[PDB]
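Heads up, the thing below is written out as structure tokens.
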Amino acid sequence: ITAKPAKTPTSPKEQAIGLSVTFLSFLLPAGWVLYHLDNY
Amino acid sequence: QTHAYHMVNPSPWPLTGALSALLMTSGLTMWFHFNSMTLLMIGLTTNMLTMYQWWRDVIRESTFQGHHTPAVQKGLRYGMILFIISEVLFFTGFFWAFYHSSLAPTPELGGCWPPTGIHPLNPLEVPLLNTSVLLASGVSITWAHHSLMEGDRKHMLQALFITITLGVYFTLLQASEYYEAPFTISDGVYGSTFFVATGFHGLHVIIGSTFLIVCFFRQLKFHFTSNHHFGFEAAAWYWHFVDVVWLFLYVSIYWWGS
Amino acid sequence: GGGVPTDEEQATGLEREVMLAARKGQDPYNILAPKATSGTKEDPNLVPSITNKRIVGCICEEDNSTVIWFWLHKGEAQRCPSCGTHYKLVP
Amino acid sequence: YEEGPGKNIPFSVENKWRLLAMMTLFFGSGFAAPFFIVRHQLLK
Amino acid sequence: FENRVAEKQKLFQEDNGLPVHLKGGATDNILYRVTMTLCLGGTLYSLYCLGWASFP
Amino acid sequence: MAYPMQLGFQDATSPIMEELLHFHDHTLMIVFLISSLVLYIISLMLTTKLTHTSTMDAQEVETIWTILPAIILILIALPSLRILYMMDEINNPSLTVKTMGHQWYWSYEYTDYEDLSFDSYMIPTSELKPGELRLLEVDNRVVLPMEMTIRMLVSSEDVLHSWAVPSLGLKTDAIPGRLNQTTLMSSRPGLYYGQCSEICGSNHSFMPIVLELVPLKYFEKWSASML
Amino acid sequence: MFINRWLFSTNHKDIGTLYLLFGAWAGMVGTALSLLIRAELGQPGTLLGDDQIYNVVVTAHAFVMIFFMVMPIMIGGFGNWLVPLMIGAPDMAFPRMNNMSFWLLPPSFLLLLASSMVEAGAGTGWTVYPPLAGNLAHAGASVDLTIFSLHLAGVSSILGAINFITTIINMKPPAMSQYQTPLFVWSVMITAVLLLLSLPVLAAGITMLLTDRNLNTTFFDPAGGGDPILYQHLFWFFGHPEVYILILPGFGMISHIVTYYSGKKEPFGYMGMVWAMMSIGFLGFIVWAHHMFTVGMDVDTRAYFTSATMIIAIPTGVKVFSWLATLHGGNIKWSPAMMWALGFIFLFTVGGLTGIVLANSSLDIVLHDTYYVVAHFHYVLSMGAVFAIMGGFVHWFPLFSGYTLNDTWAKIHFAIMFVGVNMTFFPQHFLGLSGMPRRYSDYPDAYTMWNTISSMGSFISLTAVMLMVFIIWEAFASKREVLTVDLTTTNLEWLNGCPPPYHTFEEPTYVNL
Amino acid sequence: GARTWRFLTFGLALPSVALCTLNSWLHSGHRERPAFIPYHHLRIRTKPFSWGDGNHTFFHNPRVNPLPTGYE
Amino acid sequence: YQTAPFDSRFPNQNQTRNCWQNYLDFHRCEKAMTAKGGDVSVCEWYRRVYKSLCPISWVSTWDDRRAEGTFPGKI
Ligand code: HEA
Ligand code: HEA
Ligand SMILES: CCCCC/C=C\C/C=C/C/C=C\C/C=C\CCCC(=O)O[C@H](COC(=O)CCCCCCCCCCCCCCCCC)COP(=O)(O)OCCN
Ligand SMILES: CCCCCC/C=C\CCCCCCCCCC(=O)O[C@H](COC(=O)CCCCCCCCCCCCCCC)COP(=O)(O)OC[C@@H](O)CO
Ligand SMILES: CCCCCC/C=C\CCCCCCCCCC(=O)O[C@H](COC(=O)CCCCCCCCCCCCCCC)COP(=O)(O)OC[C@@H](O)CO
Ligand SMILES: CCCCCCCCCCO[C@@H]1O[C@H](CO)[C@@H](O[C@H]2O[C@H](CO)[C@@H](O)[C@H](O)[C@H]2O)[C@H](O)[C@H]1O
Ligand SMILES: CCCCCCCCCCO[C@@H]1O[C@H](CO)[C@@H](O[C@H]2O[C@H](CO)[C@@H](O)[C@H](O)[C@H]2O)[C@H](O)[C@H]1O
Ligand SMILES: CCCCCCCCCCO[C@@H]1O[C@H](CO)[C@@H](O[C@H]2O[C@H](CO)[C@@H](O)[C@H](O)[C@H]2O)[C@H](O)[C@H]1O
Ligand SMILES: CCCCCCCCCCO[C@@H]1O[C@H](CO)[C@@H](O[C@H]2O[C@H](CO)[C@@H](O)[C@H](O)[C@H]2O)[C@H](O)[C@H]1O
Ligand code: CUA
Ligand SMILES: [O-][O-]
Ligand SMILES: [Cu+2]
Ligand SMILES: [Mg+2]
Ligand code: NA
Ligand SMILES: [Xe]
Ligand SMILES: [Xe]
Ligand SMILES: [Xe]
Ligand SMILES: [Xe]
Ligand SMILES: [Xe]
Ligand SMILES: [Zn+2]
């Protein structure tokens, strides 16, 4: 396939932020539940 | 467009139908477990409103707007045939349950069929009358079909009225036989098979009778042409399906199973 | 014993347009498969369109399972890129 | 209706950071749900 | 009965931009509003019933 | 029982389990060979810059690819069905034992001669004696005579269970209202373990089976002492 | 406008988009459930609770992965987007019924999530066998909510099947025979026929379970002369076809991906591929009792079900060999989609071969209700169906969105997922041969090493799932618009551009005879 | 044709219904109900019915449908 | 007598009817022998076979139902 250059380029820093936010959105809520199992 | 197919206007009825399904199922749950019919009665009401408006719109699209080209009609033919096939396989599951239980009666039954303590209906009395009624209705609907193709409004209406009257007669006879039956749905696998299989059949008779009554009012309003009348064809195919299921129930449950 | 309308009397909208065109041997709504010409530059397949381009599928030989798809544009006849069969747009 | 890239979807991609928030809430809520149902069952 | 299909063809082909489910006129809007209100209200009630049934 | 880092079947305790091991060896060779050939051919298709992208004729090659698999399936089915019918063969048992599945324990009935029955429960982890196995020991083992054909009849008094002893090649569903038969013959004395093998609720993981295979004379005295 | 477009749709592409979003969300639910399973099993002892909470998680895992992730993505998503485009049709036959197939799924999912929230959940297995699933051993609403979830999912799929069969039969160009339609279109038509015939039998069976639970019927209750084994026959008469329903659209996407990235105009042996899919569909109806080899059926019945099941290897092998013959001589493009497809060919083959082991009733006595079965079906589902979904997603994302993925990120994603799924499931073969049962919250100590490794694998797969969400974000964040796509002459779905207009084929294709 | 199917409706189908109606008519009237025996495979109650007192079937006929404890 | 022999009428995994038939046969024989005040020792083979094969709870349930008058088999 060919494609145009990005209309809104995502820099390495911007990618680190999106990847970090993505991973935290999975890991923090599950981690909170599993940390608190004994309490439950 | 330079094809013959129907681009349907954006419609709310798929969503109201899907939500009616949620309300009926959550409603049955609320009735079986939380002693309340309220959700179920909302779901049945929204289901009937959805069906009414959706099929009203199909009539608007076809009779009033002309979107049912031969290509569109051919698609509807396939859709109704495929729907009937799915309904056949649904009944196949109940016949399987019936043959499984009756061909290998367990010790709890007395090791015999019919089970100890079951007094079956006489298949030569009301069950035979029901058979004559649905077979007769298969003949009258065929008369109605040919009258419509021949352009005869009065005879189409008379034949279709006779067909509906026989469907109603079958339903009243079945209601009476349910009340008179000395066995119930709780009378082991005999009652279970008898009432669930005949009960789903009775529901299909009511659905098919309703479809025929829709066709009767559409005919009164001149919707059908002598060549274009798919709703009538579909109702007739459905009605033959209901007849054929009855004949299998009669031979299997009422006669061979007695 | 009458009283049932005919399609001639009561068909409307696209159903009626298809009905009236078929009486005249015409196919404006593409119900029929078009019959091929020899497909030479002198005798190209004539492809009707209501715009200035239309997709052609070329079944290059009878019973090929592979259909070759391409846009045909208004102007000089184009060739199927697999078999070289000529097609000319008639807008 | 709007046609073309970023327009044939029920969510906006006009702002990549708003989109990150929306995607976070969407996928995160699905992944979280079973942990919170387990918590619910353990707490009865 | 008289054949009034032509008058319904004219009504449902009127160039007024209405979708087919509203093209009959004001009664269609009322029946739409009743249907959608029962559906959405019933759905909110089904969610309340889940909340209630989720605890002893 | 299984041992740590085990790759294959528990060692055969019965002749039919021996047969199943040899049949599995034959079948696994075929699985290995076909898996390996597909991986090798993928790698062969992907490692050349040479090309041929014009239409390719299929019919000759499809003969090889249907016939060779058909022959391989026949070579699996033949010994598969020999073993199926061997297990089903008439053997003349010396003893009949019944087991009833319950939530969550097994009961055993030895009613050829006297009214012997008892319940068999998992030893709780906190009550294991030193050297005993977590989740596998029971209070009352299924004592049976070694080197003898035994008819085991299996049912349930509640939900589905399944009575399994892997080292004897045994797994029979425990269905209420149904009496399922299997045959058991141990070539050796010892202790042979199994676990409930149909999801049956809260303690499905915790209702094991222990057979204790001993000489007939020991089995007879044990039977008498359990009345 | 937003409500009209997204809640009142009559458009095949927008409805396909709704299905892909729904399936993606379902995949996150099913992944979380899979991690709860592996967290419980990842060290000896008890983490969550006893087998009831554990088997509620296992049961929900299966229903979510099958009915809310795989079927909606393959059939509702890829099928709605691609089938009309691949036959030059302006939409589906029943564009408004199509929208109802979609909107039945959120309510179906809501009933499943309600089942798990009320009482103690439905800890039954996805098979829902009585009497554990009956009103004594599972009293209260959970199992009824599960049955109603299945009813709504089944109506969705039955109406969808009617739509696909009608569209594929009736809405091709008049010159195009069935033997000139692409293999993906065949794969959807055959899957639709399987749905139409199988789901009504499931409907009958779970309806019988509902009446045994609520109306004092005794279909499955020996006290009334019923039989728990009748339920198993009705369930599996649906359940074997269902696994072919799960893989057939995968087979169709694999054919297109292998052809495309081999630089070929056509798959090898088109009519053999059609024959193979129809043969698998047919044979798929006559093998169900290989799920019942331990229930006590007669020896001759076991012999028949062994033999009939093994026959499926012949048409399936023709497909595997035909994919290899499509690669043969290719100008191979090592795209991420091609990597998914190559992983599929190998890993599907392994799982199909462990299925042939299981087809042998004598050996199945020892393997039934063990992790050997779990290893078999996760090779074909978590490495077959899922690899076909991921290959199709990365191949067609630019068509659907008009934007490109970052191919390097997509290759990283593939590599992590490949390691995770193999680490998860390969060791389960050893656990099954050595006798570890299914649906256990805890295991004898001997099984610890392989359970530990399996759970570590599941966490690697989680990392791949998290990265996939980032990779989709990065594509929409960066907005690299598609320009040129190769091989449009043999891939009609691309010929209207990326994304295609809301209305395509308003003027149909010209195809002569 | 329509004429032939009308001939079959009135000449064969409705006469058949009339004769079966006559047959049913002549065999109507109540048969003596059998001695109640509390068989465990009949009058199943695993869960109360969702109507009435929970112990009556939906089309309960007191004359011919005994309860688990016998006739009313 | 050691245990119930192979019976060609019941050759398959499902032995339900074997237990049932032998329980019926014992009780039919016992009724036939007690009616004439004949000898129930002639019924002994059926007794041994049903006792060997039948779960204790099945026999116990069937006996209770014969006492109650709710046994559904013909004796
Ligand atoms: C996508 C899903 C999927 C697919 C396609 C399959 C495909 C197959 N399955 Fe499987 N199966 C499951 C999903 C699937 N299965 C699930 C979910 C269960 C468990 C259900 C439950 O209990 O919850 C299961 C259970 C299951 C059992 C029951 C085991 C038990 O419970 O004890 C059996 C028994 O025969 C079976 C067999 C097979 C066979 C023979 C095929 C065949 O179709 C495979 C054919 C493929 C090949 C053989 C490979 C390619 C061929 C070649 C390279 C040619 C050469 C090969 C030879 C000569 C052998 N599977
Ligand atoms: C499609 C079906 C499917 C899939 C994909 C999986 C995936 C996984 N499954 Fe399972 N599983 C089943 C179906 C499936 N499973 C079934 C039917 C059972 C039997 C239930 C029963 O016994 O009743 C079962 C049982 C089962 C068990 C046995 C439980 C027991 O017997 O006690 C285990 C144990 O480890 C397991 C683990 C996992 C793991 C770790 C994954 C991981 O590989 C999952 C990793 C994540 C993914 C693969 C991503 C998924 C998401 C997408 C692909 C979304 C894509 C998004 C876009 C395209 C935009 N599952
Ligand atoms: C002339 C006959 C017409 C039938 C109309 C009767 C009732 C309404 C429902 C009809 C639908 C049909 C079948 C549903 C199940 C059972 C009813 C069977 C027929 C019937 O009416 O059976 C009665 C019992 O009804 C009962 O329990 C009543 C139970 C009422 C609640 C029904 C629960 C609904 C079940 C869910 C349906 C699921 C559908 C699946 C869709 C598939 C999706 C893929 C029999 O009465 P009785 O007193 O036991 O015996 C007679 C004694 N004198
Ligand atoms: C107590 C009982 C309550 C239960 C609820 C269900 C009850 C009743 C439902 C009864 C079904 C009524 C269907 C009415 C359809 C009217 C629309 C119609 O018939 O539309 C026709 C098209 O057919 C088409 O869509 C064909 C459409 C076919 C739909 C048929 C569906 C059968 C429905 C089954 C529903 C549930 C069954 C499941 C049970 C388990 C319109 O085309 P024509 O006729 O050619 O007209 C055009 C000419 O005028 C031109 O000259
Ligand atoms: C306890 C409760 C659990 C069950 C939940 C119930 C589920 C859902 C609630 C249903 C709401 C139904 C509302 C009516 C739907 C009518 C569909 C219809 O009639 O669809 C037609 C196509 O299907 C055709 O023909 C032929 C097919 C017509 C089928 C009609 C409806 C079937 C509903 C249930 C079917 C399951 C089958 C049972 C067998 C297992 C029309 O297609 P459209 O795309 O609209 O238009 C196309 C235009 O060109 C027309 O001018
Ligand atoms: C299967 C999916 C899950 C995989 C594993 C997830 C990886 C964990 C991610 C982090 O999760 C967090 O971990 C913290 C601990 O590291 C928790 O804080 C807890 O512990 C802290 C340290 O004691 C306290 O300060 C906090 O108050 C307390 O909430 C916090 O709640 C939780 O969100
Ligand atoms: C536009 C929408 C807004 C309107 C809201 C709807 C209002 C519904 C109120 C009616 O409530 C009902 O009350 C009945 C009387 O209490 C209940 O019968 C219940 O109690 C009866 C009394 O004994 C029993 O006989 C029945 O079996 C039993 O289901 C019934 O379940 C319940 O639905
Ligand atoms: C789509 C398919 C639809 C199928 C419809 C329903 C099928 C019912 C057919 C009868 O079923 C049989 O029942 C026998 C008992 O009546 C079984 O005998 C088994 O069970 C008996 C005790 O229950 C034993 O005495 C026998 O030896 C033993 O072989 C036999 O295997 C089985 O085939
Ligand atoms: C369009 C919007 C949608 C409309 C939503 C309307 C919701 C209003 C429902 C009213 O709720 C009622 O509450 C009753 C009690 O307060 C319940 O009675 C039932 O439960 C009672 C419990 O006290 C008992 O008397 C009986 O079981 C029975 O009468 C019954 O569940 C329900 O009808
Ligand atoms: Cu008992 Cu599992
Ligand atoms: O199901 O294999
Ligand atoms: Cu199967
Ligand atoms: Mg099992
Ligand atoms: Na654990
Ligand atoms: Xe194999
Ligand atoms: Xe859950
Ligand atoms: Xe869930
Ligand atoms: Xe589901
Ligand atoms: Xe279903
Ligand atoms: Zn050409």
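Please treat every number below as a calculation from the coordinates, not as lab data. Counting neighbours? That spans all protein chains shown, and the Cβs are built from the backbone with ideal geometry, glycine included.
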What helices (runs of 4 or more DSSP H) completely inside segment G:293-387 contain at least 3 residues that are within 16 Å of ligand 5 (Cβ to nearest atom) and touching a residue at least 12 places away in the same chain (Cβ under 8 Å)? none
Among B:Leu40, B:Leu44, which is the only one that is surrounded by fewer than 20 Cβ atoms within 10 Å (Cβ to Cβ), in a helix (DSSP H, G or I), more than 10 Å from chain G (Cβ to nearest Cβ) and out of contact with any helix residue (DSSP H, G or I) (no Cβ under 6 Å at 6 or more places or on another chain)? B:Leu44
Could you check how many residues of segment B:187-237 are away from chain G (no Cβ under 14 Å) and under 26 Å from H:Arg45 (Cβ atoms)? 1
Which condition number in (1) part of a helix (DSSP H, G or I); (2) under 30 Å from G:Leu197 (Cβ atoms); (3) facing another protein chain (nearest Cβ under 7 Å) is the one that B:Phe170 fails? (3)
Residues of segment D:29-44 that turn out to be of a type in the set (S, T, N, Q) and within 7 Å of another protein chain (Cβ to nearest Cβ), as a count: 1
Sole miss for B:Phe200 among (1) within 13 Å of ligand 3 (Cβ to nearest atom); (2) free of Cβ contacts under 8 Å to residues at least 12 places away in the same chain is condition (2)
State which residue pairs qualify: first residue on the phi < 0 side of the Ramachandran plot and inside segment B:226-254, second residue basic (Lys, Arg) and part of a helix (DSSP H, G or I) in any location, beta carbons under 7 Å apart, and separation of 6 or more residues or different chains. B:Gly231/B:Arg218
The strands (runs of 3 or more DSSP E) lying entirely within segment F:117-227 that contain at least 2 residues which are farther than 18 Å from F:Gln10 by Cβ and touching a residue at least 60 places away in the same chain (Cβ under 8 Å) are F:142-145
Any idea which residue in segment A:23-40 is nearest to ligand 18 (Cβ to nearest atom), counting only those that are among the small types (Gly, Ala, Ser) and touching a helix residue (DSSP H, G or I) at 6+ places or on another chain (Cβ under 6 Å)? A:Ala30
Among the residues of segment F:23-70, write down those that are over 22 Å from G:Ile345 (Cα atoms) and in contact with a helix residue (DSSP H, G or I) (Cβ under 8 Å, 6 or more places away or on another chain). F:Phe23, F:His24, F:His26
From the list F:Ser186, F:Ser205, F:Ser156, which one is within 7 Å of another protein chain (Cβ to nearest Cβ) and within 28 Å of G:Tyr440 (Cα to Cα)? F:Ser205
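Listed here are the residues, each with its yes/no results for (1) hydroxyl-bearing (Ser, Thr, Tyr); (2) in contact (Cβ under 8 Å) with a residue 12 or more places away in the chain.
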{"position": "B:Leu109", "(1), (2)": "no, yes"}
{"position": "B:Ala136", "(1), (2)": "no, yes"}
{"position": "B:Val139", "(1), (2)": "no, no"}
{"position": "B:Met156", "(1), (2)": "no, yes"}
{"position": "B:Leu160", "(1), (2)": "no, yes"}
{"position": "B:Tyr169", "(1), (2)": "yes, yes"}
{"position": "B:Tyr178", "(1), (2)": "yes, yes"}
Being in a helix (DSSP H, G or I) and free of Cβ contacts under 8 Å to residues at least 12 places away in the same chain: is that true of B:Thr165 here? yes
Restricting attention to segment C:44-70, which residues are assigned to a strand (DSSP E or B), away from ligand 20 (no atom under 13 Å from the Cβ) and facing chain G (nearest Cβ under 7 Å)? C:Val47, C:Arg54, C:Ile55
Tell me the residue from F:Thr13, F:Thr27, F:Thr48 that is more than 28 Å from F:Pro69 (Cα to Cα) and either within 9 Å of chain G (Cβ to nearest Cβ) or not in a helix (DSSP H, G or I) (or both), please. F:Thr13
Restricting attention to segment G:115-133, and to residues there that are surrounded by 24 or more Cβ atoms within 10 Å (Cβ to Cβ) and small (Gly, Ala, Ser), which single residue is nearest to ligand 11 (Cβ to nearest atom)? G:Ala133
Scan segment G:447-463 residue by residue and report those that are within 7 Å of chain F (Cβ to nearest Cβ) and either within 16 Å of ligand 1 (Cβ to nearest atom) or buried (at least 21 other Cβ atoms within 10 Å of the Cβ) (or both). G:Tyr447
Can you tell me which of (1) among the hydroxyl-bearing types (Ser, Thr, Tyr); (2) within 7 Å of another protein chain (Cβ to nearest Cβ); (3) closer than 21 Å to C:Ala22 by Cα is the one B:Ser62 doesn't meet? (2)
Residues to consider are G:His368, G:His328, G:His291; find the one that is at the interface with chain F (Cβ under 9 Å from one of its Cβ atoms) and surrounded by fewer than 24 Cβ atoms within 10 Å (Cβ to Cβ). G:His328
Of the listed residues (I:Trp20, I:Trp45), the one being facing another protein chain (nearest Cβ under 8 Å) and aromatic (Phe, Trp, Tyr) is I:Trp20
Could you grab the pairs with beta carbons closer than 6 Å, sequence gap of 6+ or different chains, first residue in segment G:130-149 and more than 8 Å from every other protein chain (Cβ to nearest Cβ), second one acidic (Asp, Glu)? G:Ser142/G:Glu119
For segment G:27-52, how many residues are within 13 Å of ligand 17 (Cβ to nearest atom) and closer than 16 Å to D:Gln41 by Cβ? 4
Residues of segment C:11-43 being without any contact (Cβ under 8 Å) to a residue 12 or more places away in the chain, outside any loop (DSSP other than H, G, I, E, B) and at the interface with chain B (Cβ under 8 Å from one of its Cβ atoms), in sequence order, are C:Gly13, C:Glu15, C:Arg16
G:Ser441 vs. criteria over 28 Å from G:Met253 (Cα atoms), more than 14 Å from chain D (Cβ to nearest Cβ) and touching a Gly at 6+ places or on another chain (Cβ under 8 Å): no
Test set (1) part of a helix (DSSP H, G or I); (2) within 24 Å of G:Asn491 (Cβ to Cβ) - G:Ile147 fails condition number: (2)
